[PDB]
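This report refers to the structure that appears directly beneath it.
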Amino acid sequence: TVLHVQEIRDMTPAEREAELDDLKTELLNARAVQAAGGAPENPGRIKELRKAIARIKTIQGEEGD
Amino acid sequence: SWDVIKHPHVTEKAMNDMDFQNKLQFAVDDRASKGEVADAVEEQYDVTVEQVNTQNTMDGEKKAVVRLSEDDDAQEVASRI
Amino acid sequence: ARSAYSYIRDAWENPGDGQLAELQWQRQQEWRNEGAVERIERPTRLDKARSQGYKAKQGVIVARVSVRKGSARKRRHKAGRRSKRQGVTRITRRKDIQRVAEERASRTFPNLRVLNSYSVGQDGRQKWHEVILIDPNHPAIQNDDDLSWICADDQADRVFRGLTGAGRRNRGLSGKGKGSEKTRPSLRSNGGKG
Amino acid sequence: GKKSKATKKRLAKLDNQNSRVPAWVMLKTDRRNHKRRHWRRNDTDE
Amino acid sequence: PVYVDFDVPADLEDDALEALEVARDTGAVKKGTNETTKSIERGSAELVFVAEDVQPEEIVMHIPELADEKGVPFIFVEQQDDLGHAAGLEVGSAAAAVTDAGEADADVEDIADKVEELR
RNA sequence: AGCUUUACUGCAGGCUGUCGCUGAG
RNA sequence: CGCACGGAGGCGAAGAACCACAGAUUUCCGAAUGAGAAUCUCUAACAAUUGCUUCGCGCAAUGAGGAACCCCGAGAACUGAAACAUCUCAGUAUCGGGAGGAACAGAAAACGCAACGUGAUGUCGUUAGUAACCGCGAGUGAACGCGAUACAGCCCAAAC
Ligand SMILES: [Cl-]
Ligand SMILES: [Cl-]
Ligand SMILES: [K+]
Ligand SMILES: [Mg+2]
Ligand SMILES: [Mg+2]
Ligand SMILES: [Mg+2]
Ligand SMILES: [Mg+2]
Ligand SMILES: [Mg+2]
Ligand SMILES: [Mg+2]
Ligand SMILES: [Mg+2]
Ligand SMILES: [Mg+2]
Ligand SMILES: [Mg+2]
Ligand code: NA
Ligand code: NA
Ligand code: NA
Ligand code: NA
Ligand code: NA
Ligand code: NA
Ligand code: NA
Ligand code: NA
Ligand code: NA
Ligand code: NA
Ligand code: NA
Ligand code: NA
Ligand SMILES: [Sr+2]
Ligand SMILES: [Sr+2]
Ligand SMILES: [Sr+2]
Ligand SMILES: [Sr+2]
Ligand SMILES: [Sr+2]
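Residue numbers (the entry's author numbering), protein chains in the order written: chain V, 1 to 65; chain S, 1 to 81; chain M, 1 to 194; chain 2, 1 to 31, 35 to 49; chain F, 1 to 119.
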């Protein structure tokens, strides 16, 4: 949703990696909040974070990195 | 590629280790060694790991009890997540 | 004029006379000390090999195989059998020894395919045959107008399905007329009565 | 007995499979865990 | 070996091969056991060479007796690849025949005579 | 069906002759 | 936002869902191939067998699967004969090996309605329960030809 494909293809190879690490962290922090039973969740993002990471990785493969 | 750290293991027993022994507990990939758990943790939270104890749980996952150096404070590290 | 080959051929019409006799009596001493399947660099019977498809080319292989002489090595029945089916001694296999040799050779070279084979004699207890095998994957053969046919997929494991020359004869397919009622087009399609 | 790491993973799964059909699935499907195994009355593999 | 009934001295074999080399450059020579066999049968052979390291021996066994019933003289060469090199080949040769020498007929003739004597 | 034997008929196995391997005087 | 009609929340006019084609990812065991192991582990790997070979795993091949069909091998007994041994069940059941999308067969050392005739090979119909076999018992059992289907004829060895 928030992160579209164009935006990913416009990023530089180094920007996708940085973006990847950023996303992985939001994901890890969400799963941590979830582990603590924390409900300030918003179920859509934890699900969106996974797809975003999948997209970035797909593009990195497509673009040759 | 699989990541080392899955998520913080937060249970009453985990808290005691945090308050009383400056230890953090994690659910980690069962293919990870104590050394890999140590590094990954230092890099993710920027702290110094003194010792790592592991266990293959009856949940199919691996649990790691990571003690931090006196320089760091478990409660604080855990509090930011 | 006579080709040189005709001389090798003529010598083998009588492997027990002349120089050939002395040769065999010598060779077999070495052969008996060799294994079951020995790859050899050159055919012992050049005329016969060339006549069967052999070529001094890459991808063409020759191997001599020894197989025991005699009837079936059969175990006696261990359950009830009517008299007719109690035999052991006089039972012989339906595949001739030359065909057994071709199969043992092909197993040794899993990637190759049997092109043909021929006899190179025998002593009191065993027989030797030289088998010609072809590498269906070598371009030297894939480009040969006389051999590339053996590269087709349906020619895979041809020896094990009786597509060999010794296979077709042993299957009673030599005759096109009388006598081949139950052999052609296959033993199996004819209810196994050939 | 001594369980290997793999045997352990399997026992672990069997234990997890031994949970009940969540409350909401009942509502969602407008109305049974055909695989409820008891440690005593039943027997696992291996 | 089964077709070899006399040993040719190294020196003799040396002369012979040398004569063969001047035969390909001057006169004519046949390379290969099949072409050599036809020379003997056609009579166009003056001197035929037979390697002693041929395996199988069947390939050449016939040369000796064939030559005898054709007056054609023959000599043995210890190695197969030497005969082929002399004949001018990059490969070996189990047998070769000097089909009408040339500025070597003198030597060839002697070699023939040196062999008949060697029995 | 299991068992027996100088029941009927066969099949292994043992003994023995012969052919091949197998040659010189 | 699957089966699946909940709750919360999210995605979609930046055209989502959904369908077609193509591509990415594709853990471990598995022919399972570095070695060992009840799906894990130990210290760079075409293990094993082969072909070629720059003789170095450098380039290649094989392995296993598939509903049955197909080809090559091994091959019963109950049963029928109102007993039973040959015969029969049956080259069946089952076993070993192997190919393909179909297999196999195939351009006459054929046929032999004997001819001044036919003209590769499968298969279908028929020839026929005929010829032939058989304690001449019970049973077993073709072919040539003909009418069809489809059609297609070639390459070596050797001589030179
Ligand atoms: Cl084969
Ligand atoms: Cl006719
Ligand atoms: K019976
Ligand atoms: Mg431990
Ligand atoms: Mg058929
Ligand atoms: Mg529980
Ligand atoms: Mg009884
Ligand atoms: Mg392995
Ligand atoms: Mg009866
Ligand atoms: Mg009767
Ligand atoms: Mg019958
Ligand atoms: Mg007929
Ligand atoms: Na977990
Ligand atoms: Na093979
Ligand atoms: Na028959
Ligand atoms: Na139990
Ligand atoms: Na009984
Ligand atoms: Na996939
Ligand atoms: Na391979
Ligand atoms: Na190699
Ligand atoms: Na009866
Ligand atoms: Na009875
Ligand atoms: Na009968
Ligand atoms: Na007619
Ligand atoms: Sr638990
Ligand atoms: Sr195969
Ligand atoms: Sr019990
Ligand atoms: Sr050579
Ligand atoms: Sr036609």
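Backbone N, C-alpha and C define an ideal beta-carbon position, used for all residues, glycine too.
Verify the contact flag: residue i, CB atom, against every heavy atom of ligand 13, threshold strictly below 7 Å.
i	result
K13 (chain 2)	no
Identify which residue in the options has its Cα closest to the Cα of residue i.
i	options	result
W12 (chain M)	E58 (chain F), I111 (chain F), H85 (chain F) and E90 (chain F)	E58 (chain F)
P1 (chain F)	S6 (chain M), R27 (chain M), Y7 (chain M) and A4 (chain M)	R27 (chain M)
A45 (chain F)	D68 (chain F), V77 (chain F) and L118 (chain F)	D68 (chain F)
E34 (chain M)	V88 (chain M), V159 (chain M) and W128 (chain M)	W128 (chain M)
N170 (chain M)	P139 (chain M), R81 (chain M) and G194 (chain M)	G194 (chain M)
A30 (chain V)	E41 (chain V), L20 (chain V) and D21 (chain V)	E41 (chain V)
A140 (chain M)	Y5 (chain M), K57 (chain M), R50 (chain M) and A49 (chain M)	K57 (chain M)
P22 (chain 2)	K13 (chain 2), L14 (chain 2), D15 (chain 2) and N36 (chain 2)	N36 (chain 2)
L23 (chain V)	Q60 (chain V), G61 (chain V) and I56 (chain V)	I56 (chain V)
Compare the C-beta of residue i against all C-beta atoms of chain 2 and say whether one is closer than 8 Å.
i	result
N53 (chain S)	no
residue 89 (chain S)	Past the edges of chain S, shown from 1 to 81, lies residue 89 (chain S), and the structure says nothing about it.
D29 (chain S)	no
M18 (chain S)	no
Using a beta-carbon distance below 8 Å, is residue i in contact with chain S?
i	result
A39 (chain V)	no
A36 (chain V)	yes
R45 (chain V)	no
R16 (chain V)	no
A12 (chain 2)	yes
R31 (chain V)	yes
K8 (chain 2)	yes
Please find out if some non-hydrogen atom of ligand 1 comes closer than 7 Å to the beta-carbon of residue i.
i	result
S33 (chain S)	no
Determine, using beta carbons only, whether residue i comes closer than 8 Å to chain M.
i	result
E46 (chain F)	no
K31 (chain F)	no
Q55 (chain F)	yes
Decide if residue i is buried, meaning its Cβ has at least 16 other Cβ atoms within 10 Å, or exposed.
i	result
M18 (chain S)	buried
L27 (chain 2)	exposed
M61 (chain F)	buried
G59 (chain M)	buried
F74 (chain F)	buried
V8 (chain F)	buried
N22 (chain S)	buried
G87 (chain M)	exposed
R93 (chain M)	exposed
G35 (chain S)	exposed
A54 (chain V)	exposed
Does residue i come within less than 8 Å of chain V when only Cβ atoms are used?
i	result
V10 (chain S)	yes
Using a Cβ-Cβ distance cut-off of 8 Å, determine whether residue i contacts chain F.
i	result
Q126 (chain M)	no
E22 (chain M)	yes
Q122 (chain M)	no
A4 (chain M)	yes
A11 (chain M)	yes
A1 (chain M)	yes
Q86 (chain M)	no
Hey, residue i and residue j: beta-carbon distance below 8 Å or not?
i	j	result
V77 (chain F)	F49 (chain F)	yes
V65 (chain M)	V131 (chain M)	yes
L173 (chain M)	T164 (chain M)	no
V37 (chain S)	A64 (chain S)	yes
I91 (chain M)	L115 (chain M)	no
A104 (chain F)	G32 (chain F)	no
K62 (chain S)	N56 (chain S)	yes
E63 (chain V)	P13 (chain V)	yes
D107 (chain F)	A19 (chain F)	yes
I97 (chain M)	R45 (chain M)	no
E38 (chain M)	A63 (chain M)	yes
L83 (chain F)	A96 (chain F)	yes
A32 (chain V)	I81 (chain S)	yes
Closer than 7 Å: is that where the CB of residue i sits relative to any heavy atom of ligand 28?
i	result
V91 (chain F)	yes
Report yes if the C-beta of residue i is less than 7 Å from at least one heavy atom of ligand 26; otherwise report no.
i	result
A152 (chain M)	no
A105 (chain M)	no
Is residue i near ligand 5, with its Cβ less than 7 Å from a heavy atom?
i	result
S189 (chain M)	yes
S180 (chain M)	no
Following a CB-centred definition, is residue i positioned closer than 7 Å to any heavy atom of ligand 12?
i	result
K127 (chain M)	no
Is residue i near ligand 15, judged by its Cβ being under 7 Å from some heavy atom?
i	result
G162 (chain M)	no
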